[PDB]
Ligand code: HEM
Ligand code: HEM
């Protein structure tokens with residue numbers, strides 16, 4: 001109760017009387033000496049979560065319940081206090097549903113973690129759509145997990161077509177049949193042949209046509225499994241320009 | 001229902017918890033509420049760190065939260081955040097300790113997902129062949145790839161926080177902040193979508209032909225742009241060789 005760090009509160013469906021903790025007063029940004037009031041509790045809230053609050057108290061009134069709703073208050077000028085109000089029902093007897101008691105939780109840090117994840121996901125999508133090189137992400141066994149827009153244009157598969165399939169569908173033989181062992185050999189020996197180095201190889205479209213590409217791989221670890229992020233650059237025009245360079249310099253020579 | 005409730009009074013060392021509280025702990029529902037039973041659900045290294053925490057809160061004053069996982073239900077553990085405070089019987093005697101049990105399995109999944117995305121962001125930043133740069137709505141560098149460091153000669157910690165205009169010659173340098181500013185109001189892109197060959201400037205002072213590709217995104221009321229920069233210094237080496245060789249024919 002002293003230094004608890006969590007607010008507590010009470011509200012009765014009949015007589016609408018409310019008593020919150022002193023730790024709860026600070027969370028609402030008001031109440032230095034003034035008394036607890038449910039109308040005052042409304043005043044601190046912004047007028048969207050308001051209607052969701054009485055919708056919640058009407059929902060928990062009906063037969064049963066469970067009460068948890070989240071909101072932000074205007075405590076400070078350029079910041080908001082995010083609070084998750086959680087509560088449970090206690091009936092007097094078999095007769096009616098009397099006062100509902102609960103807690104106020106400070107969920108500033110949880111919402112901060114939320115937004116950070118949301119930003120990272122949004123940004124990952126932008127990287128996938130914008131990157132000029134074809135970006136492919138596989139798991140420890142070569143199973144495509146992400147497939148960039150450039151990769152779609154280059155290999156002729158869509159993201160939904162490619163994600164879940166083995167990365168060896170992108171390459172001709174013998175590399176297609178050997179690519180699983182390439183990954184397994186790397187994982188046991190830790191001796192890289194393309195990671196950090198880079199290699200020009202031949203990639204294969206869904207058409208069946210083949211094209212010269214530069215491959216670059218980087219590794220990561222998540223939940224006990226590695227993931228490999230590949231970057232593919234189409235060298236079909238680069239060696240086409242080299243084919244121009246060598247044959248045009250022949251008629252000079 | 002709601003979250004679980006419990007109290008462990010320091011006087012008489014008893015402990016009682018609510019009906020939703022015991023389901024969170026994985027209580028067999030025959031067992032009664034005892035403090036030695038609570039410590040039997042926790043895993044060994046968690047156990048001692050919990051018991052380290054109560055010893056640090058044995059000092060009269062304050063509050064107590066710990067997070068842990070019990071694992072006997074689904075092969076993936078149940079995460080609980082146990083938060084508690086003190087009440088005092090008299091002026092100098094602390095008697096009861098009352099608090100709550102919070103299911104936080106969702107809170108730990110978002111943590112892990114964020115961790116994975118952050119790890120993958122670092123992997124891309126190290127590995128992408130083109131220079132990747134990320135700016136906010138005002139042109140301040142927020143992320144700076146390894147390839148960008150090698151191309152522009154600034155370090156990540158040097159570049160981040162600085163305006164992106166330090167990467168380009170004049171007059172683009174002085175005009176770049178207007179370019180972003182006009183784009184934000186008008187929404188008419190000139191490089192977003194299209195892809196422009198421009199000239200960039202290293203910290204050296206030297207310049208080079210680069211290709212710029214920009215992608216937009218929105219987060220927290222501010223746009224962010226991700227620039228992909230490719231050096232064309234060897235591409236135009238071959239283009240100059242092609243131009244000289246086919247001009248020597250005519
Ligand atoms: C699409 C055409 C591709 C071809 C032809 C190809 C070919 C190869 C070859 C030949 C090796 C082994 C080199 C050696 O042992 O001498 C290799 C290794 C490997 N590749 Fe692929 N690859 C392709 C795409 C990818 C992509 C897109 C990824 C990841 C997203 C990837 C992941 C790996 C990994 C993890 C290894 C083992 C690590 C290493 O040897 O450094 N490959 N690849
Ligand atoms: C380093 C050398 C760079 C140069 C020389 C350069 C040049 C330019 C120019 C000339 C424009 C205006 C186009 C016009 O009005 O016709 C522009 C716009 C823009 N640039 Fe830069 N840029 C550079 C780097 C970057 C990077 C790395 C990013 C992103 C991280 C970026 C973000 C933007 C944005 C958001 C716009 C406005 C939207 C648009 O017009 O597409 N710039 N840039």
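Basis: the model, the stated rules and, where named, an outside source; no laboratory read-out is quoted. Reconstructed Cβ throughout: ideal geometry from the backbone, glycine too, with neighbour counts over all protein chains shown.
Some notes on this structure:
- Of A:235, A:215, all but one fail to be within 10 Å of ligand 1 (Cβ to nearest atom) and closer than 24 Å to residue B:230 by Cβ; the exception is A:215.
- Among residues of the range A:183-199, those that are more than 6 Å from ligand 1 (Cβ to nearest atom), more than 14 Å from chain B (Cβ to nearest Cβ) and either in contact with a strand residue (DSSP E or B) (Cβ under 8 Å, 6 or more places away or on another chain) or not in a loop (DSSP other than H, G, I, E, B) (or both), counted: 5
- Flag for residue A:154 being surrounded by 14 or more Cβ atoms within 10 Å (Cβ to Cβ) and at the interface with chain B (Cβ under 10 Å from one of its Cβ atoms): no
- Hey, residue A:138 within 11 Å of ligand 1 (Cβ to nearest atom) and in contact with a helix residue (DSSP H, G or I) (Cβ under 6 Å, 6 or more places away or on another chain) or not: yes
- Some residue of the range A:165-172 being closer than 17 Å to residue A:135 by Cβ, more than 10 Å from ligand 1 (Cβ to nearest atom), surrounded by 13 or more Cβ atoms within 10 Å (Cβ to Cβ) and within 12 Å of chain B (Cβ to nearest Cβ): no
- Failed item in (1) at the interface with chain B (Cβ under 10 Å from one of its Cβ atoms); (2) surrounded by 17 or more Cβ atoms within 10 Å (Cβ to Cβ); (3) under 25 Å from residue A:26 (Cα atoms), with residue A:115 passing the rest: (2)
- Residue A:206 vs. criteria assigned by TED's automatic domain parsing to the domain that holds residue A:162, more than 10 Å from ligand 1 (Cβ to nearest atom) and not in a strand (DSSP E or B): yes
Condition check ((1) in contact with a strand residue (DSSP E or B) (Cβ under 6 Å, 6 or more places away or on another chain); (2) more than 13 Å from chain B (Cβ to nearest Cβ)) across all residues:
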| residue | (1), (2) |
| --- | --- |
| A:6 | yes, no |
| A:21 | yes, no |
| A:26 | no, yes |
| A:33 | no, yes |
| A:43 | no, yes |
| A:49 | yes, yes |
| A:55 | no, yes |
| A:58 | no, yes |
| A:78 | no, no |
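- If only residues of the range B:200-219 that are free of Cβ contacts under 8 Å to residues at least 12 places away in the same chain and at the interface with another protein chain (Cβ under 8 Å from one of its Cβ atoms) are counted, the one that is farthest from ligand 2 (Cβ to nearest atom) is B:219.
- Single unsatisfied condition, residue B:205 versus (1) more than 33 Å from the chain's Cα centre (by Cα); (2) under 30 Å from residue A:244 (Cα atoms); (3) exposed (fewer than 12 other Cβ atoms within 10 Å of the Cβ): (2)
- If the condition is being closer than 15 Å to residue A:233 by Cβ and either outside the structural domain of residue B:211 (by TED's automatic domain parsing) or outside any loop (DSSP other than H, G, I, E, B) (or both), then the range B:227-250 contributes B:228, B:229, B:230, B:231, B:235.
- Residue in the range B:155-174 that is free of Cβ contacts under 8 Å to residues at least 40 places away in the same chain, part of a loop (DSSP other than H, G, I, E, B), in contact with a strand residue (DSSP E or B) (Cβ under 6 Å, 6 or more places away or on another chain) and farther than 22 Å from residue B:235 by Cβ present: yes
- All of A:239, A:249 fail the test of being within 12 Å of chain B (Cβ to nearest Cβ), over 22 Å from residue B:116 (Cα atoms) and in contact (Cβ under 8 Å) with a residue 12 or more places away in the chain, apart from A:239.
- Residue within the range A:63-78 that is at negative phi and more than 31 Å from the chain's Cα centre (by Cα) present: yes
- Filter pass, residue B:126 being within 8 Å of chain A (Cβ to nearest Cβ), in contact with a helix residue (DSSP H, G or I) (Cβ under 7 Å, 6 or more places away or on another chain) and outside any strand (DSSP E or B): yes
- Residue B:55 being exposed (fewer than 11 other Cβ atoms within 10 Å of the Cβ), touching a residue at least 24 places away in the same chain (Cβ under 8 Å) and over 27 Å from residue A:90 (Cα atoms): no
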